[PDB]
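**Q** So I've got this experimental structure, pasted below with the sequence.
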Amino acid sequence: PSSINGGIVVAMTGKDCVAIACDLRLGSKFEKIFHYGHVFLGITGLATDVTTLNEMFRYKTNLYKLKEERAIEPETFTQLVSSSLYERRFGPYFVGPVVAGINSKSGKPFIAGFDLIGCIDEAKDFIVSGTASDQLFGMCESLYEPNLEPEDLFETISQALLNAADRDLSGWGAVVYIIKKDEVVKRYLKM
Amino acid sequence: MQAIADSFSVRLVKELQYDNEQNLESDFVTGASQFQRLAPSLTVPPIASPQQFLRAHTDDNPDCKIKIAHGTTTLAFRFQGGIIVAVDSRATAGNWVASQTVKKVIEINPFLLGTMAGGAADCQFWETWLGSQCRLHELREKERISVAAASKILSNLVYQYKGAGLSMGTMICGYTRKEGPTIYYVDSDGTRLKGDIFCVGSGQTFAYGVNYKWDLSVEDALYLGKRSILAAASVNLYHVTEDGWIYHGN
Amino acid sequence: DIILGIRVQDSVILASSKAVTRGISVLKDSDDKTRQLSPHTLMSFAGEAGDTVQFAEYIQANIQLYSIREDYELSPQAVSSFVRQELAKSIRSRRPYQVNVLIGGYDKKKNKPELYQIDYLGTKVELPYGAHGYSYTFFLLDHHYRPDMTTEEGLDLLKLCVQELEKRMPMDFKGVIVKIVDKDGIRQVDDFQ
Amino acid sequence: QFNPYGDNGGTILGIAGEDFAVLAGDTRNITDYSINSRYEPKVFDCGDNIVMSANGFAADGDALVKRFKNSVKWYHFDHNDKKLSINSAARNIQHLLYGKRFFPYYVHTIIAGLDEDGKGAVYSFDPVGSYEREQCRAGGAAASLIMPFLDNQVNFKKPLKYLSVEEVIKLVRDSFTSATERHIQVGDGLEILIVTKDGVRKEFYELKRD
Amino acid sequence: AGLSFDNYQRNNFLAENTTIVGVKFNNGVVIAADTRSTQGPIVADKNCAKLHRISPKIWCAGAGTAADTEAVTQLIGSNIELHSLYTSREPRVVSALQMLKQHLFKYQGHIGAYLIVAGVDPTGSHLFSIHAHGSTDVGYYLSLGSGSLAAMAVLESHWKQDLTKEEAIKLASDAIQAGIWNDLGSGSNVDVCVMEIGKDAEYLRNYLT
Amino acid sequence: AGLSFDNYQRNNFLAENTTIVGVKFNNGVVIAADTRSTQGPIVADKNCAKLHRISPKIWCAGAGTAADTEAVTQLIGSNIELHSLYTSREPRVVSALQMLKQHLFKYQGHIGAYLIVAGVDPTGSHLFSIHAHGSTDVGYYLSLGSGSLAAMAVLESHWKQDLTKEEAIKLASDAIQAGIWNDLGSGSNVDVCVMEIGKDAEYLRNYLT
Amino acid sequence: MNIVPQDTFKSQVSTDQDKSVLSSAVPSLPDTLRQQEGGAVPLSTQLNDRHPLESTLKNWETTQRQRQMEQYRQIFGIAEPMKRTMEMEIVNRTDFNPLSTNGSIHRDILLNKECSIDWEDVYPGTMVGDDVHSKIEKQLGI
Amino acid sequence: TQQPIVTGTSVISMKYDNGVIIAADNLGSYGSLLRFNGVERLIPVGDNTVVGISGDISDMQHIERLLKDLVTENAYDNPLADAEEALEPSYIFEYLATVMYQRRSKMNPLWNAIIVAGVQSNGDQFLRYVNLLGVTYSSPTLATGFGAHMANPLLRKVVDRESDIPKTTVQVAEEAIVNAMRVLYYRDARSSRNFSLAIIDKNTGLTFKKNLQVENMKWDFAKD
Amino acid sequence: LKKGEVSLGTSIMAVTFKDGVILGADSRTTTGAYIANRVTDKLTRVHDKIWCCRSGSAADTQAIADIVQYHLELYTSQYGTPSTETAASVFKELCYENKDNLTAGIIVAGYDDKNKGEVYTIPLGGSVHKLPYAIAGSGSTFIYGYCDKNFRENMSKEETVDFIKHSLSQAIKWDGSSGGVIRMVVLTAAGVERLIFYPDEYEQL
Amino acid sequence: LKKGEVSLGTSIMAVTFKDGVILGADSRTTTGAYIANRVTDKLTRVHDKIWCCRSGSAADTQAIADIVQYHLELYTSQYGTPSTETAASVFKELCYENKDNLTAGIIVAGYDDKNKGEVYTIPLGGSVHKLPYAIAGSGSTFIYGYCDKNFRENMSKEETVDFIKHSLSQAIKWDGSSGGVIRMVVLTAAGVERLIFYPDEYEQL
């Protein structure tokens, strides 16, 4: 009940949309995906570090909005996450973060991943984080196709998560976010 | 005397290490005697610490790790109708597709069953060898071997190699006219324990809730074994009588 | 594994815990840590895995061979000396293994009970009472032991020791099997410790 | 202390059809980040319509294959040129592997052929002899990528039972091309051996060489 | 202040329980790299830009800890920009080399960045190699990375004093191509940057595809 | 047969839980030693004979493991006596040296005996040093033990080619006395043995005190 | 031309390696009762934790003899080692004293050890099977 | 064995249209000391085989003894020991690889890397590699040690696939080998300027060149 | 000393002669067995007629040399041209005070109007020694005898050049960490003269 | 290699000249820093005109030399005087076959009517090399250059004596494990000649 360390996060890009999904332990509240207006961050690894990073980034994004008088964009948030991670060069957090979003002014989808000290991996297709399943990357590679519609993208990412769950069982669930320029949809998967 | 002369008459064969009969047999130079040994020959590294060498080189990237048997719950118990053996059949997943159902119970002969735990290869190899030994014994004595004798043979075998690296835990179950039904547990530490009820693997405490009496019918015993496995958690069921083992499946 | 033994005026009482292996749940009604060496000499053993059982069965086979060959029974002293020699021999070329044996017998030539204890290095000591496996029962034995105690008083002292042991152990300690060796042979106390 | 083991990472894949079997492997032989060779086959015809591959430390696999072929020669000599069945070959290989229980070969072994009824059969071995018959198995560095591709393409989606040889060859080629695109240790070439009632046929395809 | 040492003991307790070349030619310098980015044996990105800009005419490419390389390059670039504004002069490669050397020596090798730095300034063209512990060296042609041996073999095969811009570009591209073919760490594409005296820097993304 | 290896594993499991000089003179050789025998810092015996007799005219004195020294000396003495009976000739120091060297080399240094061997035979006078691993050396004057440095200093101070018997005896006595005074391992008395060509060996017990 | 003995470690093991004490009930397994080693000595324990000098001491004389034979073969020819080995085999083969363990005089003469003593000479050294008949069976191979 | 003491660096080799070429330097190093100059590391076996050995020098001399004994035993009572019963490169390689693997399995290895080059009796080129672990492989270009990291990229630009073999003349292959040796002398600290080369051709037989020196060295740009 | 750090396996010589001093070195920098740079310049200038060569850790010696050059510029701003002894003292203080954290050895060659050419050696540890000539590096061990048999006081410039060339050629011949070209600086009252000799010249000596 | 074992930190030279061969050595045996024997004779005779010097473990080399002398006596009983090549081959076989248990290196100098003086070196490991001259020991490292600059083929006896004396004097000067007197054996067709030189003579060279 108190063991929540680990998990997986999958981010994918479609046509004018993005998808970010994470696993969840259900059965008989702790989600690894957070948002800061229109930028979504999913963190895998040590749970205490995940909570710490979420609190710190909420702090920094609130101050940023108060000062700039506008919401932060995915690229700026990516750079902020990188610098914050690098601050702890010799005591780094045991985390793997993934960022997804849509730029407001341009409308371009954006996804990125980070290492534990902030090295940025900007991918045009998809990002997989976590070590729960080694075949999850292969399944995502076999299922992904460029320029998918939001319904097709949701189906693809949901199928990837379902197959990964079947690979490794009771109480498993998923949370999926489909993000457009002006609409965000959050769905739960109990399969 | 001329054999001595040949021994002192001449390099290449010495470097090939083929002047030793064991090396020639192992490489099938002089025939197939290597596949004709009742007691298998096991290679060891010619160093001062073979055990440390093996332990270091086994506890470390590709798929070339030694396969470990399922830690799933297995139950065996005895009643007036024979023996009930129940195994939680939930095969693991990997980079392969199974052609048929994977058996976690080794059929030593049409009258003996064994259970796998620890090293899968050790259990399979040594239980097949035990089946060969039992067949030879039955041919010699013109009578079915007792469960105690077979369990003792396996225990002595594993004790001769104790500490080398073998890892196995098995339950030998059999029904003979003289002994009735009998269950022994034998592990790689040399322990040989006769018993009435055995629960091995994860969830053994839950499965040990066996409602147990020596008057249960066959159907009642099968249902009790199935329920115990479900409480521990499909279930594979075996009913061992004097005429052999019968596989039910559930 | 814990073993206890008390030599009372006319007999020897040996108590062995009916424990099982760890990690496997077992149901049985047998004393697996005791071998009858001769109709008037019993041996209880404790220690590690099957090495101890192999040693005990080897000793039993040798003693049975002697009894068949001579049509005669070795005295408890000679049996204990042979066991000590074999235990010393078994570790002359290998790493020693944990083993501790209590040998209780009734000598009919002298018509008296005898009790011996041999540790893992092969040290034989003749004692009025002994134990192994306990982390104190020694003080309880010292205060409540007399050389001329009867079998009943020895059983009462054994029951007190068993209660003292069980007051600091979990319920996983099922119980202790008790056997008595005297002039009529070896018998099992099916009633209680 | 001298370390007698090495690693020459490659990828192999065995698939059993309705009345055929296929065993494929990449031909890249590498040491660390260097390329020892770009065409070094690892799948061999052992006679009696049996194909074998032992992926991992190359010297151990070569020794195992050599020993098995010599044993097959003696089996033909001693039993009136009787054909060795696939299950008997699997048993022989299990004994050969377990003979090194305390000094094991550092390989993963796959054999393929036709069973007594003519159906395709594939056997997979652990390093110390534990073996099982399987419909499909991938081994090596890129197995975790090849297996999802086949699982998405095939159902064990047209069923595997009704696939032809050409379709299976195409599936293997596509999976290996994807793995070559994703894995640094996979590339250069791919060699496939097909076992049918007429015998063993070899096919070769090129892969990316970077 | 500075890089934090918090959670060092906690992390210890938890634990207890590329081809890059630089070539000089008669009127400038060229730097080149491959575009394969991997995370272990997995190819993470087939088109990754490894050539970084310290200043408009001073470029570099690194190996080792990627985050350290990027962070050190950016910090030195900020220092160079501030110094150029302060002195109202074009930055010099020697100044960037001095800053990098002293910064790396301060951390006693704990910042795992190994760099090739090329540049053009009013004093001329310059090419340097920088080690993590703070040692620096000068050269006419340099290689770095896991594919540096093959690239260095190619460079030693076809290097001479009188090299034109086109010959230098071809030589650097060939060295990167050799690292691409013969090293598992490289393989996708070739990125080039040419810095010529008296002209703007020319950044050729995917010069060879 | 031979020295036993039984209880080696058992002992491992349980564990887991002097000044000697030799001096040559113009017509023979002299060997000398101190008489203090200690068991750690405690003086066990103030009068201990450390000069041993391999043969009537071949003597030796040892250091290291005392039991090993005594056992090896006695074994070589038995071999020498048997060989002399077999050949019907006086034993030679070279033969004893050969036997000792080969025996010590057979055991690969596990027999901790370090010896000075002096003797007279029909070929002349001989003095040798023998190491535990099997190496041997020849010399005109030798020292051994914890007090060997002081004794060697005295020997280097007052040694010359033309030494009479009395001068050699005095020099050996002075060396042993220096080891007695300046080393905590020595101190009680001086034992001497003089072997002269053509005469019987002379064993002087407690020559000084 | 070896000096220190080499190739002393065993390369293969089996439960029937000691042919003289094989069980009659299970011929693939050893007979622990007739082994008379204490009853708790698996063969695997003999493969580890040995004193490093034991193998050198046990095979020293054989190694020196083999080096001498090799030198004779190199310098004199095949016939000289052939004759030495033949003489030694003839002497060792016809000596059968079940009540004694000391070597023969002729063997010592052949080995040039007439007036030589080693610790093997000083220290030359049950319920079951230590009688004359066991030695007869081992000698005759029946 | 279990430690190298005196060693040689690298051997390089390639196939051309009508034969094979192999080369190796003449240095035996003693750590950082360049102790022995004049060590021949190409061993000609028969009229059609050359064996190049890198690594431990004492083990290399042991292998030379084994090869000479193999030639002598093949000759023996064979009348046509040089006409039709001469040793083939494949036979020599099979024996050497068997020895290497057997001594690896004994934990008593020979610390060497071996390349066998030659021409079979049917005119086919033979070029194969074995090492101390018993690992064997074949390729149109082969090299050991530092050469494997620097000579192979240069040689693969001339012969990159099998189809390139018929297009490569002896002159081009020899020039490539010489340039690779020069590069190795530039960038290997345990290398020597003196080297030996061997050409095995199905028409002209065996040509063994000794006392070859690296020439045309560009030590001119160091002035500034 | 530090793990994974660049070392200086060089061949260094400094010889005093009648008109001044000459400092010579090879040009090889290696990482294990691989030659990282075959044309490196090892003659470090800390003042117009005060030069040095370095051994040990490359980073530590470079930092020390930079600090020494800065110190000598500060000194020159006050009192003019410093003496070789002053530079040697600064080098010695920097090496000795940091010997527990830095691994550095320095050979200093200087010329001035008063002392007319001097050589100082500061080996590992930080002690200082003034000598008529000095050798250092991994390749120096092989030429200890030869130099001792061929050095004379008050040699001419050409004789000193030949002596250094022969000694460094032998050092290159026997040391695997040394090679390339031979670079020399001649410091006299006339000025500073740089010389270079190529392998095809000194290998035929 | 063995713990607490006597090592051979010597200076060994062997030079072939016009009339034969000369073998030379120092006379120092040390245990760590203490000099155990300052007049030891290191020139080992295995046959009347076949001599050797040893390095590595003293016990192992002594055992090997004794076995070689016995082997050469056996050979002489059959075929007469052996050649230097045969003795070198026996030394090499003994060293190589036991290289996992013994640490031994041997320099062999011989004369015979056929080959007229030869030198062989067998370093650690067991390989064999035939050379016009050879040096070995801890003190040899300091005279690698000097010898390379001063050896000529077909020198006279006096020139060879001077060359060996100078080289060994330098080796003694720079090596702490070498010292004492210089001992030489001259092997020609005329016979065997023993020579000794004292420190007060060679220290003034």
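**A** Yes, it's here. Numbering: from 1, shown residues only, chains lettered A, B, ... in the order given.
**Q** Chain I against chain J: which residues are in contact?
**A** For chain I, the residues in contact with chain J (CB under 8 Å from any CB of the partner chain) are I:141-146, I:148-149, I:166-167, I:170-171, I:173-174. Yep, even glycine has a C-beta here, placed from its N, CA and C like the rest.
**Q** Can you tell me which of those residues lies closest to chain E?
**A** Set against chain E, the nearest of the residues of chain I next to chain J by CB to the nearest CB is residue I:171 (21.6 Å).
**Q** Identify the bridge partners of the residue most central in space within chain H.
**A** Geometric centre of chain H, nearest residue: residue H:52, 2.8 Å, by CA atoms, centre = their mean. Residue H:52 has these beta-bridge partners by DSSP bridges: residue H:42, residue H:115.
**Q** I'd assumed residue H:25 was in contact with it.
**A** No - using CB atoms under 8 Å as the test, residue H:52 is too far from residue H:25 to be in contact (10.6 Å).
**Q** any common contacting residues for the two?
**A** In terms of CB atoms under 8 Å, 6 or more residues apart in numbering or on different chains, residue H:52 and residue H:25 are both contacted by the residues residue H:41.
**Q** Chain C: strands as residue ranges?
**A** C:3-8, C:11-17, C:25-27, C:34-38, C:41-47, C:99-107, C:112-118, C:124-126, C:129-132, C:176-182, C:185-188 (DSSP state E).
**Q** What helix or strand is the residue of chain I most remote from its centre located in?
**A** In terms of distance from the mean C-alpha position of chain I, residue I:78 ranks first, at 27.2 Å (CA atoms, centre = their mean). Element membership for residue I:78 (DSSP states H and E) is helix I:58-79.
**Q** next one: residue I:107
**A** strand I:104-110.
**Q** The next helix-or-strand element following that strand vs helix I:58-79, what angle?
**A** For strand I:104-110, the succeeding helix or strand toward the C-terminus, using DSSP H and E, is strand I:118-122. Calculated by axes from the mean of the first three to the mean of the last three CA atoms, to 10 degrees, strand I:118-122 forms an angle of 140 degrees with helix I:58-79.
**Q** in its sheet, what does strand I:118-122 sit against?
**A** strand I:104-110 (antiparallel), strand I:129-130 (antiparallel).
**Q** so can I have TSV of the ones you listed showing mean neighbour count and distance to residue J:32?
**A** Listed next are those as TSV, based on neighbours: other CB atoms under 10 Å in any protein chain shown; distance: least, CB to CB, whole Å:
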stretch	mean neighbour count	distance to residue J:32
strand I:104-110	28	26
strand I:129-130	12	26
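**Q** Tabulate those strands (CSV), appending distance to residue E:64.
**A** CSV is the format used below for those (distance: least, CB to CB, whole Å):
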stretch, distance to residue E:64
strand I:104-110, 25
strand I:129-130, 39
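**Q** Ignoring the adjacent residues along the chain, who's closest to the closest residue to chain C within chain B?
**A** In chain B, the residue that lies nearest chain C is residue B:190 (2.6 Å; CB to the nearest CB). In this structure, residue B:190 finds its nearest non-sequential neighbour in residue C:50, 2.6 Å apart by CB to CB, 6 or more residues apart in numbering or on different chains.
**Q** So what's the residue count around that neighbour?
**A** Residues lying near residue C:50 (other CB atoms under 10 Å in any protein chain shown) number 23.
**Q** so who does the residue positioned nearest the centre of chain C touch?
**A** Nearest to the mean C-alpha position of chain C, by CA atoms, centre = their mean, lies residue C:44 at 3.1 Å. The contact partners of residue C:44, by CB under 8 Å, 6+ apart, come to C:3, C:5, C:14, C:16, C:33-34, C:101-102, C:104.
**Q** mind running it again at 7 Å?
**A** C:3, C:14, C:16, C:33-34, C:101-102 (CB atoms under 7 Å, 6 or more residues apart in numbering or on different chains).
**Q** could the residues you listed go into TSV alongside neighbour count and distance to residue G:135?
**A** Written out in TSV, the entries for the contacts of residue C:44 read as follows (neighbours: other CB atoms under 10 Å in any protein chain shown; distance: CB to CB, whole Å):
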residue	neighbour count	distance to residue G:135
C:3	24	41
C:14	26	42
C:16	23	42
C:33	21	39
C:34	21	38
C:101	26	34
C:102	27	39
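**Q** From the residues you listed, pick the one nearest residue D:89.
**A** Distance to residue D:89, by CB to CB, is smallest for residue C:33 among the contacts of residue C:44, at 48.0 Å.
**Q** Cross-check the contact I'm expecting between that closest one and residue C:1.
**A** Yes - using CB atoms under 7 Å, residue C:33 is in contact with residue C:1, at 6.2 Å.
**Q** Can you check which residues contact both of those two?
**A** By CB under 7 Å, 6+ apart, the residues touching both residue C:33 and residue C:1 are residue C:46.
**Q** Report the inter-axis angle for the helix or strand where residue G:61 lies versus helix J:58-79.
**A** Element membership for residue G:61, per DSSP H and E: helix G:60-75. Helix G:60-75 and helix J:58-79 are oriented at 40 degrees to each other (the same axes, to 10 degrees).
**Q** Any idea how far helix G:60-75 is from the middle of the chain?
**A** Distance of helix G:60-75 from its chain centroid, counting by CA atoms, centre = their mean, to the nearest Å, is 18 Å.
**Q** How about whatever helix or strand comes next after it and chain B, any contact?
**A** Using DSSP H and E, the helix or strand that follows helix G:60-75 towards the C-terminus is helix G:79-93. Yes - using CB under 7 Å from any CB of the partner chain, helix G:79-93 reaches chain B at G:81-82, G:85-86.
**Q** Who are the contact partners of whichever residue of chain G sits closest to chain J?
**A** Residue nearest to chain J within chain G (CB to the nearest CB): residue G:4, separated by 4.0 Å. Contact partners of residue G:4, counting by CB under 7 Å, 6+ apart, are G:56, J:98, J:101-102.
**Q** now, which of the residues you listed sits nearest chain F?
**A** Nearest member of the contacts of residue G:4 to chain F, counting by CB to the nearest CB, is residue G:56, at 6.4 Å.
**Q** Next one: the closest one from residue B:52, what distance?
**A** For residue G:56, the distance to residue B:52 equals 21 Å [CB to CB, to the nearest Å].
**Q** more neighbours, those two?
**A** residue G:56 (19 against 12).
**Q** Residue A:21: neighbouring residues, count only.
**A** Count around residue A:21 with other CB under 10 Å applied: 25.
**Q** Revised request: answer the last question for residue A:77.
**A** Neighbours around residue A:77, by other CB under 10 Å: 25.
**Q** Can you verify the residue of chain G closest to chain J is assigned to a strand?
**A** No - assessed with DSSP: H, G, I helix; E, B strand; the rest coil, residue G:4 is coil; it does not lie in a strand.
**Q** All the strands of chain E, in order from the start?
**A** Going by DSSP E, chain E shows strands at E:20-25, E:28-34, E:37-39, E:42-45, E:52-55, E:58-64, E:113-121, E:124-130, E:136-138, E:141-144, E:190-196, E:202-208.
**Q** check contacts around the closest residue to residue B:9 other than its chain neighbours.
**A** In this structure, residue B:9 finds its nearest non-sequential neighbour in residue G:78, 5.5 Å apart by CB to CB, 6+ apart. Contacts here follow CB under 7 Å, 6+ apart; on that basis residue G:78 touches B:5, B:8-9.
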